[PDB]
$ cat data.tsv   # TSV, C-alpha atoms and all ligand atoms
chain	number	residue	atom	x	y	z
A	1	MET	CA	116.51	89.74	93.50
A	2	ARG	CA	115.32	91.70	96.55
A	3	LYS	CA	112.75	94.48	96.20
A	4	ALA	CA	110.83	96.58	98.70
A	5	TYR	CA	107.78	98.81	98.76
A	6	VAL	CA	108.59	102.36	99.86
A	7	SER	CA	105.74	104.24	101.53
A	8	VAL	CA	105.34	107.88	102.52
A	9	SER	CA	103.14	108.42	105.58
A	10	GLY	CA	101.36	105.11	104.96
A	11	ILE	CA	100.66	105.70	101.26
A	12	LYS	CA	102.63	103.44	98.92
A	13	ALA	CA	105.05	105.65	96.97
A	14	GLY	CA	107.36	103.45	94.92
A	15	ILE	CA	109.64	100.44	94.72
A	16	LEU	CA	113.33	100.23	95.64
A	17	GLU	CA	114.92	97.36	93.72
A	18	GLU	CA	118.27	95.62	94.21
A	19	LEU	CA	119.72	95.22	90.71
A	20	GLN	CA	122.63	93.14	89.47
A	21	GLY	CA	126.20	94.38	89.74
A	22	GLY	CA	125.56	96.23	93.00
A	23	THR	CA	123.38	98.89	91.37
A	24	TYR	CA	120.07	100.00	92.85
A	25	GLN	CA	117.02	101.71	91.40
A	26	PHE	CA	113.98	103.46	92.86
A	27	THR	CA	110.82	103.86	90.77
A	28	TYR	CA	107.83	106.02	91.69
A	29	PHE	CA	104.40	104.50	91.25
A	30	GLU	CA	102.57	106.49	88.58
A	31	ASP	CA	99.58	106.66	90.93
A	32	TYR	CA	101.67	108.40	93.60
A	33	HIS	CA	101.19	112.16	93.82
A	34	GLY	CA	102.03	112.90	97.47
A	35	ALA	CA	105.12	114.42	99.01
A	36	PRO	CA	108.41	113.09	97.59
A	37	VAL	CA	110.26	110.30	99.38
A	38	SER	CA	113.09	112.79	99.75
A	39	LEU	CA	113.93	116.29	98.61
A	40	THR	CA	116.62	114.89	96.29
A	41	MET	CA	113.97	112.79	94.49
A	42	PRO	CA	110.98	114.87	93.45
A	43	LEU	CA	108.07	113.51	91.46
A	44	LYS	CA	109.19	115.18	88.22
A	45	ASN	CA	111.32	112.09	87.55
A	46	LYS	CA	109.95	108.59	88.07
A	47	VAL	CA	113.12	106.45	87.92
A	48	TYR	CA	116.32	106.98	89.90
A	49	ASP	CA	119.40	104.81	89.43
A	50	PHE	CA	122.23	104.47	91.93
A	51	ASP	CA	125.67	102.90	91.59
A	52	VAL	CA	125.73	102.35	95.37
A	53	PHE	CA	123.11	102.15	98.10
A	54	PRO	CA	121.21	105.46	97.69
A	55	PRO	CA	122.37	107.88	100.41
A	56	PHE	CA	118.80	108.70	101.44
A	57	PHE	CA	118.03	105.10	102.35
A	58	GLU	CA	121.46	104.57	103.91
A	59	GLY	CA	120.66	107.60	106.09
A	60	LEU	CA	117.85	105.62	107.75
A	61	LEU	CA	120.14	102.94	109.20
A	62	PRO	CA	121.29	103.03	112.85
A	63	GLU	CA	124.72	104.15	113.97
A	64	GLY	CA	127.24	103.50	116.70
A	65	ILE	CA	126.09	101.33	119.57
A	66	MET	CA	122.57	101.22	118.11
A	67	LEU	CA	123.96	99.55	115.00
A	68	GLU	CA	125.84	97.11	117.24
A	69	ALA	CA	122.49	96.37	118.93
A	70	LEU	CA	120.79	95.67	115.61
A	71	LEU	CA	123.64	93.39	114.51
A	72	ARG	CA	123.45	91.20	117.62
A	73	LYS	CA	119.64	90.98	117.44
A	74	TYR	CA	119.38	89.90	113.79
A	75	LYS	CA	121.22	87.26	111.78
A	76	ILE	CA	122.43	89.70	109.14
A	77	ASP	CA	125.90	90.60	107.93
A	78	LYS	CA	127.31	94.06	108.49
A	79	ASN	CA	127.42	96.05	105.19
A	80	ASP	CA	124.22	94.32	104.00
A	81	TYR	CA	122.56	97.72	104.12
A	82	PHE	CA	119.49	96.72	102.12
A	83	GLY	CA	118.89	93.73	104.39
A	84	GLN	CA	119.23	95.95	107.46
A	85	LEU	CA	116.79	98.48	105.98
A	86	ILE	CA	114.09	95.82	105.55
A	87	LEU	CA	114.62	94.77	109.17
A	88	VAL	CA	114.09	98.29	110.58
A	89	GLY	CA	111.89	99.58	107.75
A	90	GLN	CA	108.64	99.53	109.74
A	91	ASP	CA	109.77	102.53	111.83
A	92	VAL	CA	112.56	104.96	110.87
A	93	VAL	CA	113.14	108.69	111.20
A	94	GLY	CA	110.84	110.77	109.01
A	95	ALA	CA	107.69	109.71	107.20
A	96	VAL	CA	109.11	106.88	105.04
A	97	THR	CA	108.60	103.14	105.61
A	98	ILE	CA	110.15	100.14	103.85
A	99	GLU	CA	108.54	96.70	103.45
A	100	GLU	CA	109.91	93.73	101.52
A	101	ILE	CA	108.16	92.17	98.54
B	1	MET	CA	115.78	104.30	131.01
B	2	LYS	CA	112.07	103.64	131.70
B	3	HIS	CA	110.98	105.98	134.44
B	4	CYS	CA	109.42	109.39	134.94
B	5	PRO	CA	110.63	112.99	134.72
B	6	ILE	CA	112.37	114.97	137.45
B	7	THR	CA	112.78	118.78	137.84
B	8	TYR	CA	113.02	118.61	134.03
B	9	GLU	CA	109.70	118.55	132.08
B	50	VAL	CA	138.61	102.71	111.99
B	51	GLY	CA	140.51	106.00	111.95
B	52	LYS	CA	137.45	108.20	112.50
B	53	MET	CA	136.51	110.32	115.51
B	54	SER	CA	132.80	110.27	116.41
B	55	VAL	CA	131.56	110.68	119.98
B	56	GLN	CA	127.76	110.29	119.90
B	57	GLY	CA	128.29	106.66	118.82
B	58	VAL	CA	129.16	105.51	122.35
B	59	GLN	CA	125.69	106.29	123.75
B	60	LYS	CA	122.42	104.47	123.16
B	61	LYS	CA	119.38	106.15	121.59
B	62	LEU	CA	116.23	104.33	122.72
B	63	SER	CA	112.67	104.68	121.46
B	64	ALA	CA	110.00	105.19	124.09
B	65	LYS	CA	106.32	105.93	124.59
B	66	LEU	CA	104.91	108.21	127.27
B	67	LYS	CA	102.55	106.23	129.48
B	68	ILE	CA	99.27	108.15	129.26
B	69	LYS	CA	98.01	107.43	132.78
B	70	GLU	CA	101.22	106.91	134.76
B	71	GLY	CA	103.17	109.71	133.06
B	72	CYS	CA	106.32	107.58	132.84
B	73	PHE	CA	108.45	106.39	129.94
B	74	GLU	CA	108.36	102.88	128.46
B	75	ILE	CA	111.22	101.84	126.16
B	76	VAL	CA	109.78	100.14	123.10
B	77	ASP	CA	111.48	98.54	120.14
B	78	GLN	CA	109.30	100.36	117.59
B	79	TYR	CA	106.61	103.03	117.28
B	80	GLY	CA	107.90	105.40	119.95
B	81	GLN	CA	107.34	109.15	120.24
B	82	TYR	CA	110.31	109.99	122.50
B	83	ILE	CA	114.03	109.27	122.43
B	84	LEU	CA	115.83	108.27	125.62
B	85	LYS	CA	119.60	108.55	125.99
B	86	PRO	CA	120.96	106.78	129.09
B	87	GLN	CA	124.45	107.08	130.53
B	88	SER	CA	127.37	106.06	128.35
B	89	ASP	CA	130.00	103.68	129.67
B	90	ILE	CA	132.78	105.44	127.73
B	91	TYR	CA	132.18	109.20	128.15
B	92	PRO	CA	130.84	110.65	131.41
B	93	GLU	CA	127.68	112.55	132.32
B	94	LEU	CA	126.35	112.79	128.75
B	95	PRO	CA	122.63	112.97	129.74
B	96	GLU	CA	123.18	115.83	132.20
B	97	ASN	CA	125.48	117.45	129.63
B	98	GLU	CA	122.91	117.20	126.83
B	99	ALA	CA	120.06	118.41	129.06
B	100	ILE	CA	121.74	121.63	130.20
B	101	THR	CA	123.17	122.30	126.73
B	102	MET	CA	119.75	122.08	125.08
B	103	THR	CA	118.43	124.41	127.79
B	104	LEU	CA	121.20	126.92	127.02
B	105	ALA	CA	120.16	126.77	123.35
B	106	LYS	CA	116.56	127.52	124.33
B	107	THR	CA	117.67	130.53	126.39
B	108	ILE	CA	119.37	132.21	123.41
B	109	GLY	CA	116.31	131.61	121.23
B	110	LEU	CA	117.04	128.47	119.23
B	111	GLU	CA	114.06	126.21	118.53
B	112	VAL	CA	114.44	123.39	121.07
B	113	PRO	CA	111.90	120.57	121.53
B	114	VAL	CA	110.66	119.31	124.88
B	115	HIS	CA	113.50	117.61	126.74
B	116	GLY	CA	114.56	116.71	130.24
B	117	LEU	CA	115.94	114.08	132.59
B	118	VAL	CA	114.55	110.90	134.14
B	119	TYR	CA	116.02	108.52	136.71
B	120	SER	CA	116.94	105.20	135.12
B	121	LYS	CA	116.32	101.91	136.90
B	122	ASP	CA	119.93	101.90	138.16
B	123	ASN	CA	119.23	105.27	139.87
B	124	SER	CA	121.25	107.20	137.27
B	125	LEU	CA	119.97	110.01	135.06
B	126	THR	CA	118.67	109.52	131.52
B	127	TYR	CA	117.99	112.25	128.97
B	128	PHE	CA	114.80	112.38	126.93
B	129	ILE	CA	113.62	114.43	123.96
B	130	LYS	CA	110.25	114.62	122.22
B	131	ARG	CA	110.60	113.63	118.57
B	132	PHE	CA	109.49	116.35	116.16
B	133	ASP	CA	108.93	113.86	113.31
B	134	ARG	CA	105.98	112.47	115.32
B	135	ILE	CA	103.03	114.73	116.02
B	136	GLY	CA	100.28	112.81	117.78
B	137	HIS	CA	97.39	110.94	116.18
B	138	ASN	CA	100.30	108.76	114.95
B	139	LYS	CA	101.13	111.12	112.10
B	140	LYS	CA	104.68	111.71	110.89
B	141	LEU	CA	106.59	114.62	109.40
B	142	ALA	CA	109.20	114.39	106.67
B	143	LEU	CA	112.69	114.78	108.15
B	144	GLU	CA	115.97	114.46	106.27
B	145	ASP	CA	119.52	115.00	107.51
B	146	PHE	CA	122.14	116.90	105.54
B	147	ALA	CA	124.12	113.75	104.78
B	148	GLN	CA	121.04	112.34	103.01
B	149	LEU	CA	120.47	115.70	101.29
B	150	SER	CA	124.10	116.02	100.12
B	151	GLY	CA	124.75	112.43	99.03
B	152	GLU	CA	127.07	111.50	101.91
B	153	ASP	CA	126.67	108.57	104.30
B	154	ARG	CA	127.50	107.53	107.86
B	155	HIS	CA	131.19	106.89	107.17
B	156	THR	CA	131.58	110.25	105.36
B	157	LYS	CA	129.35	112.45	107.54
B	158	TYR	CA	132.44	114.52	108.43
B	159	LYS	CA	133.70	114.93	104.84
B	160	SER	CA	131.93	118.22	104.13
B	161	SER	CA	132.05	121.91	105.13
B	162	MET	CA	129.86	124.67	106.48
B	163	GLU	CA	129.94	126.20	103.01
B	164	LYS	CA	128.35	122.96	101.77
B	165	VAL	CA	125.82	123.14	104.62
B	166	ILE	CA	124.82	126.64	103.48
B	167	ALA	CA	124.33	125.37	99.93
B	168	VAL	CA	121.93	122.66	101.12
B	169	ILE	CA	119.89	125.31	102.94
B	170	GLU	CA	119.80	127.62	99.90
B	171	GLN	CA	118.57	124.72	97.76
B	172	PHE	CA	115.74	123.24	99.82
B	173	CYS	CA	114.56	125.64	102.55
B	174	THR	CA	111.38	127.68	102.04
B	175	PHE	CA	112.94	130.90	103.43
B	176	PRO	CA	116.74	130.49	103.14
B	177	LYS	CA	117.44	134.00	104.49
B	178	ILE	CA	115.53	133.18	107.68
B	179	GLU	CA	117.36	129.86	107.91
B	180	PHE	CA	120.73	131.59	107.45
B	181	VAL	CA	120.08	133.65	110.58
B	182	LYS	CA	119.32	130.42	112.44
B	183	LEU	CA	122.46	128.73	111.08
B	184	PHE	CA	124.65	131.64	112.16
B	185	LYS	CA	123.14	131.55	115.64
B	186	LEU	CA	123.45	127.75	115.83
B	187	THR	CA	127.10	127.81	114.73
B	188	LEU	CA	128.07	130.50	117.26
B	189	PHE	CA	126.30	128.55	120.01
B	190	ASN	CA	128.06	125.28	119.16
B	191	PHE	CA	131.41	127.09	119.25
B	192	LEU	CA	130.71	128.72	122.63
B	193	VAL	CA	129.52	125.50	124.30
B	194	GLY	CA	132.21	123.30	122.76
B	195	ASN	CA	130.00	121.16	120.53
B	196	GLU	CA	132.63	119.83	118.12
B	197	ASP	CA	130.33	117.05	116.84
B	198	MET	CA	128.03	118.94	114.44
B	199	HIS	CA	128.54	116.61	111.50
B	200	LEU	CA	126.21	116.28	108.52
B	201	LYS	CA	123.79	113.95	110.30
B	202	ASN	CA	123.23	116.54	113.05
B	203	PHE	CA	121.63	119.01	110.60
B	204	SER	CA	118.14	118.19	109.34
B	205	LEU	CA	115.42	119.79	107.24
B	206	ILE	CA	111.85	119.30	108.47
B	207	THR	CA	108.80	119.58	106.24
B	208	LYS	CA	106.03	121.01	108.41
B	209	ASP	CA	102.80	122.51	107.06
B	210	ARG	CA	104.34	122.69	103.56
B	211	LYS	CA	107.22	124.80	104.92
B	212	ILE	CA	110.76	123.39	104.72
B	213	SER	CA	113.17	124.71	107.34
B	214	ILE	CA	115.98	123.65	109.62
B	215	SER	CA	114.54	121.23	112.18
B	216	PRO	CA	114.43	121.98	115.92
B	217	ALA	CA	117.69	121.41	117.79
B	218	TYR	CA	118.83	117.90	118.62
B	219	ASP	CA	121.99	116.13	119.80
B	220	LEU	CA	123.52	119.35	121.19
B	221	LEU	CA	126.04	118.90	123.99
B	222	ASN	CA	129.48	119.99	125.14
B	223	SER	CA	131.42	117.13	123.59
B	224	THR	CA	134.76	118.82	124.28
B	225	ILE	CA	134.54	118.40	128.05
B	226	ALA	CA	133.11	114.88	127.70
B	227	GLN	CA	136.28	113.69	125.95
B	228	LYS	CA	139.97	113.92	126.65
B	229	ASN	CA	142.46	115.01	123.98
B	230	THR	CA	139.80	116.89	122.02
B	231	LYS	CA	141.12	117.26	118.48
B	232	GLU	CA	138.92	119.94	116.87
B	233	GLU	CA	136.66	122.92	117.51
B	234	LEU	CA	134.31	122.37	114.55
B	235	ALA	CA	133.17	119.05	113.11
B	236	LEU	CA	132.90	120.53	109.61
B	237	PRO	CA	135.55	123.03	108.46
B	238	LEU	CA	134.68	126.71	108.08
B	239	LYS	CA	137.00	128.59	105.71
B	240	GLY	CA	139.00	125.36	105.72
B	241	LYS	CA	139.52	125.55	109.49
B	242	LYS	CA	138.48	123.14	112.23
B	243	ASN	CA	140.68	124.61	115.00
B	244	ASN	CA	141.88	128.05	116.07
B	245	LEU	CA	138.81	129.80	114.68
B	246	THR	CA	138.66	133.56	115.21
B	247	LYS	CA	136.16	136.39	115.44
B	248	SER	CA	136.68	137.39	111.79
B	249	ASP	CA	135.97	133.81	110.71
B	250	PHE	CA	132.48	133.83	112.25
B	251	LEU	CA	131.57	137.52	112.04
B	252	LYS	CA	133.14	138.49	108.69
B	253	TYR	CA	133.79	135.49	106.43
B	254	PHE	CA	130.82	133.43	107.63
B	255	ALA	CA	128.24	136.07	108.57
B	256	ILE	CA	128.85	138.54	105.71
B	257	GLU	CA	130.50	136.81	102.76
B	258	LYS	CA	128.81	133.39	103.00
B	259	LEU	CA	125.47	134.16	104.68
B	260	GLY	CA	124.90	137.70	103.40
B	261	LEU	CA	123.69	139.04	106.75
B	262	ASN	CA	123.49	142.79	107.24
B	263	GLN	CA	125.83	144.32	109.80
B	264	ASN	CA	122.95	145.43	112.03
B	265	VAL	CA	121.60	141.87	112.10
B	266	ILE	CA	125.02	140.50	113.06
B	267	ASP	CA	125.41	143.11	115.80
B	268	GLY	CA	122.01	142.29	117.29
B	269	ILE	CA	122.75	138.56	117.46
B	270	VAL	CA	126.20	139.17	118.95
B	271	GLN	CA	124.53	141.42	121.54
B	272	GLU	CA	122.06	138.61	122.28
B	273	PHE	CA	124.93	136.27	123.15
B	274	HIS	CA	126.54	138.99	125.30
B	275	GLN	CA	123.37	139.41	127.38
B	276	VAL	CA	122.91	135.66	127.87
B	277	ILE	CA	126.35	134.87	129.36
B	278	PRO	CA	125.25	135.78	132.94
B	279	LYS	CA	122.14	133.62	132.54
B	280	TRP	CA	124.19	130.75	131.10
B	281	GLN	CA	126.61	130.84	134.04
B	282	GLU	CA	123.70	130.62	136.48
B	283	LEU	CA	121.95	127.76	134.66
B	284	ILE	CA	125.12	125.65	134.44
B	285	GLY	CA	125.76	126.05	138.17
B	286	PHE	CA	122.18	124.92	138.81
B	287	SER	CA	122.34	121.91	136.47
B	288	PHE	CA	122.72	118.22	137.29
B	289	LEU	CA	126.35	118.10	136.14
B	290	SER	CA	128.93	117.20	138.75
B	291	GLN	CA	130.91	120.10	140.21
B	292	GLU	CA	134.03	119.01	138.32
B	293	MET	CA	132.01	118.78	135.10
B	294	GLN	CA	130.39	122.16	135.78
B	295	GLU	CA	133.84	123.72	136.15
B	296	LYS	CA	135.08	122.24	132.87
B	297	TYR	CA	131.91	123.61	131.23
B	298	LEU	CA	132.34	127.13	132.63
B	299	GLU	CA	136.08	127.25	131.86
B	300	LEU	CA	135.49	126.22	128.24
B	301	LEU	CA	132.64	128.72	127.86
B	302	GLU	CA	134.82	131.54	129.20
B	303	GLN	CA	137.71	130.58	126.90
B	304	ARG	CA	135.40	130.63	123.87
B	305	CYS	CA	133.74	133.88	124.96
B	306	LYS	CA	137.18	135.44	125.34
B	307	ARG	CA	138.31	134.38	121.86
B	308	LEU	CA	135.28	136.23	120.45
B	309	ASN	CA	136.08	139.35	122.56
B	310	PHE	CA	132.90	139.08	124.66
B	311	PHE	CA	134.64	140.62	127.70
B	312	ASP	CA	136.86	143.19	125.94
C	1	CL	CL	113.90	134.23	102.49
$ encode --input "data.tsv" --output "structure tokens"
Amino acid sequence: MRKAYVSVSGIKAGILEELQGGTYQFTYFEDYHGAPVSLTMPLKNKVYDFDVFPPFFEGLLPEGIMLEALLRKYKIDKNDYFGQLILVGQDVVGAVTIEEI
Amino acid sequence: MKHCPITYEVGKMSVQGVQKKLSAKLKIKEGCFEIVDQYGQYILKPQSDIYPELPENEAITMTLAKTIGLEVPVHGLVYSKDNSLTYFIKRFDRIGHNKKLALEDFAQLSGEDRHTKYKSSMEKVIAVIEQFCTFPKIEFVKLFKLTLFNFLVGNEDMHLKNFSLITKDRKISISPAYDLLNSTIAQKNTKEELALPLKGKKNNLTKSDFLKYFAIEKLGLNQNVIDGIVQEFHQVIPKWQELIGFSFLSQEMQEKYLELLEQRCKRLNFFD
């Protein structure tokens, strides 16, 4: 399905993968040794599974009128959170960036 | 939107979601703002068409926070193209040379999302701080001071996404202030005093809630520390009154602001 590179301050950190059945999974690249993507996901584990869209990545999406602005710019359905993340992933709050594979 | 500074450098309930938040760059030569789609260093907040005078409200409120000693980034007002006022704030997750700092809001840190950013509590906020902050005891003092400020100035919109932890020079702490304003006077039929319950309460909060349950039993602050901070707020009320009367709020909006501030000061026995 759909996968994306997740970078921290320009250095490639891991891969966020859309899995079947609505699950998601984030996997750290073994080469990565920088700051964690988030404080809830330190480098001591490499694989994180999620039964929904992981809160951290959902927290990067716009809100309110800004979400309405995104939704009338792009041909993307509301509640396609992963698709919206790829669209804005070049520049979000913090040091994390998202780019599609 | 896109000009240069002035005198200044669904059954849910949210309020900030009726106002735009625009990215912008500071023009190096011209010293004016340029809205950009991406890669901005400032945030611009123009007038909302639903709630009135939000930029002027946010600008004075962030200045009041700076006067009591909260960490407040550079902010101010600019005239939009339609000759109205637009608020700006310098992002603290961008630090020149096009570097970034890690910044995470408490909804991300506690597993909540946008739809559930009100389904939490200040006890849960404290727990996030105790988990991740480098010096939780120092951050607890800041939280206490932030929560008292938001009560006094009628900010009833401090949901989970309005708290953030910043990672700066390997130190994790509560970020500088952002999105602070008097949302009570901006609305009509205001429903709550606190966005997240404290001791299970979102309205009719009392002195013992903040100064006993919160300050002592949940934050572990010594009595002499509490007394000093309370004294700080006492000494700043005259300065706050002056600043509000000198702000860019309309006279009617200034009066709503002062009357709310006095009502909240009186409930905490500031004038007794
Ligand atoms: Cl400490």
$ interface_residues --input "data.tsv" --of "chain B" --to "chain A" --cutoff "10 Å" --atoms "all atoms listed in the file" --output "MDAnalysis selection string"
chainID B and resid 54:62 77:80 131:134 138:155 171:172 201 205:207 210 212
$ closest_atom_pairs --input "data.tsv" --of "chain B" --to "ligand CL 1 (chain C)" --cutoff "8 Å" --atoms "all atoms listed in the file" --output "JSON lines"
{"residue": "B:174", "atom": "CA", "partner": "C:CL1", "partner_atom": "CL", "distance": 7.0}
{"residue": "B:175", "atom": "CA", "partner": "C:CL1", "partner_atom": "CL", "distance": 3.6}
{"residue": "B:176", "atom": "CA", "partner": "C:CL1", "partner_atom": "CL", "distance": 4.7}
{"residue": "B:177", "atom": "CA", "partner": "C:CL1", "partner_atom": "CL", "distance": 4.1}
{"residue": "B:178", "atom": "CA", "partner": "C:CL1", "partner_atom": "CL", "distance": 5.5}
{"residue": "B:179", "atom": "CA", "partner": "C:CL1", "partner_atom": "CL", "distance": 7.8}
$ write_last_selection --input "data.tsv" --atoms "C-alpha atoms" --output "PDB file, in the frame of the given file"
ATOM      1  CA  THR B 174     111.380 127.680 102.040  1.00  0.00           C
ATOM      2  CA  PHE B 175     112.940 130.900 103.430  1.00  0.00           C
ATOM      3  CA  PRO B 176     116.740 130.490 103.140  1.00  0.00           C
ATOM      4  CA  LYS B 177     117.440 134.000 104.490  1.00  0.00           C
ATOM      5  CA  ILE B 178     115.530 133.180 107.680  1.00  0.00           C
ATOM      6  CA  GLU B 179     117.360 129.860 107.910  1.00  0.00           C
TER       7      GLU B 179
END
$ atom_distance --input "data.tsv" --atom1 "CA of residue 94 (chain B)" --atom2 "CA of residue 283 (chain B)"
16.7 Å
$ atom_distance --input "data.tsv" --atom1 "CA of residue 70 (chain A)" --atom2 "CA of residue 76 (chain B)"
14.0 Å
$ closest_residue --input "data.tsv" --among "B:90, B:167, B:193, B:234" --to "residue 304 (chain B)" --atoms "only C-alpha atoms"
B:193
$ closest_residue --input "data.tsv" --among "A:1, A:23, A:6, A:79" --to "residue 51 (chain A)" --atoms "only C-alpha atoms"
A:23
$ atom_distance --input "data.tsv" --atom1 "CA of residue 24 (chain A)" --atom2 "CA of residue 101 (chain A)"
15.3 Å
$ axis_aligned_box --input "data.tsv" --around "region 217-225 of chain B" --padding-each-side "6 Å" --output "JSON"
{"center_x": 126.2, "center_y": 118.8, "center_z": 122.9, "size_x": 29.1, "size_y": 17.3, "size_z": 22.3}
$ residues_near_point --input "data.tsv" --point "(112.8, 122.1, 113.5)" --cutoff "9 Å" --atoms "all atoms listed in the file" --output "mmCIF file with C-alpha atoms, in the coordinates of the input"
data_model
loop_
_atom_site.group_PDB
_atom_site.id
_atom_site.type_symbol
_atom_site.label_atom_id
_atom_site.label_comp_id
_atom_site.auth_asym_id
_atom_site.auth_seq_id
_atom_site.Cartn_x
_atom_site.Cartn_y
_atom_site.Cartn_z
ATOM 1 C CA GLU B 111 114.060 126.210 118.530
ATOM 2 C CA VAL B 112 114.440 123.390 121.070
ATOM 3 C CA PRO B 113 111.900 120.570 121.530
ATOM 4 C CA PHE B 132 109.490 116.350 116.160
ATOM 5 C CA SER B 204 118.140 118.190 109.340
ATOM 6 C CA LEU B 205 115.420 119.790 107.240
ATOM 7 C CA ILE B 206 111.850 119.300 108.470
ATOM 8 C CA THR B 207 108.800 119.580 106.240
ATOM 9 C CA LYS B 208 106.030 121.010 108.410
ATOM 10 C CA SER B 213 113.170 124.710 107.340
ATOM 11 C CA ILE B 214 115.980 123.650 109.620
ATOM 12 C CA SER B 215 114.540 121.230 112.180
ATOM 13 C CA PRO B 216 114.430 121.980 115.920
ATOM 14 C CA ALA B 217 117.690 121.410 117.790
ATOM 15 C CA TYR B 218 118.830 117.900 118.620
#
$ closest_residue --input "data.tsv" --among "B:107, B:263, B:190, B:87" --to "residue 123 (chain B)" --atoms "only C-alpha atoms"
B:87
